[PDB]
Amino acid sequence: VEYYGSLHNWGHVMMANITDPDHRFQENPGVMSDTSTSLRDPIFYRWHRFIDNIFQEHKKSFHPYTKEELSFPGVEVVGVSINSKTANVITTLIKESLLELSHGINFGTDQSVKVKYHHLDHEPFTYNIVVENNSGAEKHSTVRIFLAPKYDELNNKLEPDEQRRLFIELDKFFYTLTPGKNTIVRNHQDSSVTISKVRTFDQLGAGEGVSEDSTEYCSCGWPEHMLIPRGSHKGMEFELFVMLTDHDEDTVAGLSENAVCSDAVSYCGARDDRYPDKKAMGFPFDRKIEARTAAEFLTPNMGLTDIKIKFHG
Amino acid sequence: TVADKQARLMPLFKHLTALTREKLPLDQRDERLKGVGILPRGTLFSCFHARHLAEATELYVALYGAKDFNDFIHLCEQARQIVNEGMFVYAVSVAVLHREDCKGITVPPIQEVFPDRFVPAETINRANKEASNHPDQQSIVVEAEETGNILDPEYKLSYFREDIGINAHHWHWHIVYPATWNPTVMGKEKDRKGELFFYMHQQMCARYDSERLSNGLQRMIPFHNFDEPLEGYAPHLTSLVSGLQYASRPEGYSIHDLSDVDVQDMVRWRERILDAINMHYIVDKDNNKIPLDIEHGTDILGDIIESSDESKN
């Protein structure tokens, strides 16, 4: 603690009281001070990228991944398709929502005071992955799905090294494949990254049965509306990456609980449990990629499908 | 007697400047000083600078080495003629303090030896002037207090900063604990000199702060940043020995590298020291680590910071 200090945290503090470092003027800190508010300030990203860089240097020291590490033999990914209103296109729009103030601020006479706000949202979609299981026996695979932008700030260039920073995790799940051709369908709603639902103090006033675990309960998980980027009206092109890995390798053995807060494992982890995936978080993206193009990187158990995200004004 | 010994040493030091004129026709004559013979007489002697300290140390050693008191007087007599006077006073005082022949030999009061350092130039040249103006045995008295517009509130502190006793003490303290002190040569060691270095200076600062508060001024702030410009101060001190005076400094210019050292190096040394404090150990020359023990730690740090000859590295 004393040698290394606490760089990240101090960064928030320093930025937060930039206005009155000395404390003379007696002013409250900015949004950077609070975990609830900090994301709103654009500075947050600048600082976090800085810290991310630190991690990246470490990652850089590690050697790259061989075909051996990546590949899952006998399994071949034939194709992926995303089903929506229009195939391979996801539509995003703005939706109005209301928040009830009454629990937080003194209501007085009023039954409820609600504030209406708008947020980004997207149409529901599903993925269909065709996989060929060459082996004689049934295999178990972890399907990993990521999304990365096709376009750069110059022109269209799928340079996998750069892509590593950009790739966002859509979903991670376990599936069993029989021999022969298999089609695995997964719905966006199921996404491991997102929180399925946060119960309002009102719902909680009654008593439901998602089960009963805690601060993470409905709270944590990334928000569902947020699952994909906004895209543009034109329909921005994004690479859709699906990779299948050997589950036997990926899972850890141990003895933990009943079905608990695991919906949101990708970012949240599991309650009182070890992180369910052996692979480094962000794999295969975490280490440096030698290839000029992403396509070159692909092994047989990987696949890229280009889809479009189009925003609706 | 020892008091007769006083009466000789005091006129040894009385009027330093004019006892120069080396008056030894061949430079080689004092092989005793062939190692030194670098800093001329008129030049100002720096208590801080390493090269100056080295010469001073060399001088003291000769004085310590002196077989007997008589021998001590002799080398001193003759050495004074050739070495810079400031260095000489420094070396002799150290010798008088430590060397067993000298108990009950006080030194000539520093203020009295160099009145010009204690009093302002105006009362130096007024007094000198009165001496010349009218020759007469009669005594001359000059009141140093002056009359002037007192623009800077720092002036209020002058009673403390300018005090004759304080300055004298500081001179003496460095003499009792010289930075150059080599315990092997002397054989004796100064107990906890590093810690004392820390304590004495800390007290001076602490006492200073009490003055500011008494004044209604805020506590002094540390000169943490090398970049910041310094406040100016004009001493109004002359050095009679020559025409020269201590150069004044006005405010408002950032820090400049000297041929001897660059500011960047200073910053380095600080980060170095901070690290050591942090990991709780310092590295010796041997590349061994010594712990900053509770008992030992301040002392070790003091030697390194000052730094003394004692510094582990």
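In case you wondered, yes, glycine gets a Cβ from its N, Cα and C as well.
Listed in Swiss-Prot:
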type: BINDING; residues: B:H170, B:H174, B:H201; note: Cu cation 1 binding site
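If you take the C-beta of B:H174 (Cu cation 1 binding site) and look for same-chain residues 6 or more apart in sequence within under 8 angstroms, you find B:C47. Those same-chain residues not listed among B:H170, B:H174, B:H201 yet with C-beta within 8 angstroms of the centroid of the Cu cation 1 site C-beta atoms are B:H169, B:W171, B:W173, B:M200, B:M204. According to DSSP, B:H170 (Cu cation 1 binding site) is assigned to a helical segment. In this view, B:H201 (Cu cation 1 binding site) is surrounded by 15 other Cβ atoms within 10 Å of its Cβ, with every protein chain counted. For B:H170 (Cu cation 1 binding site), the same-chain residues lying six or more positions away in sequence with a CB closer than 8 A to its CB are B:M204.
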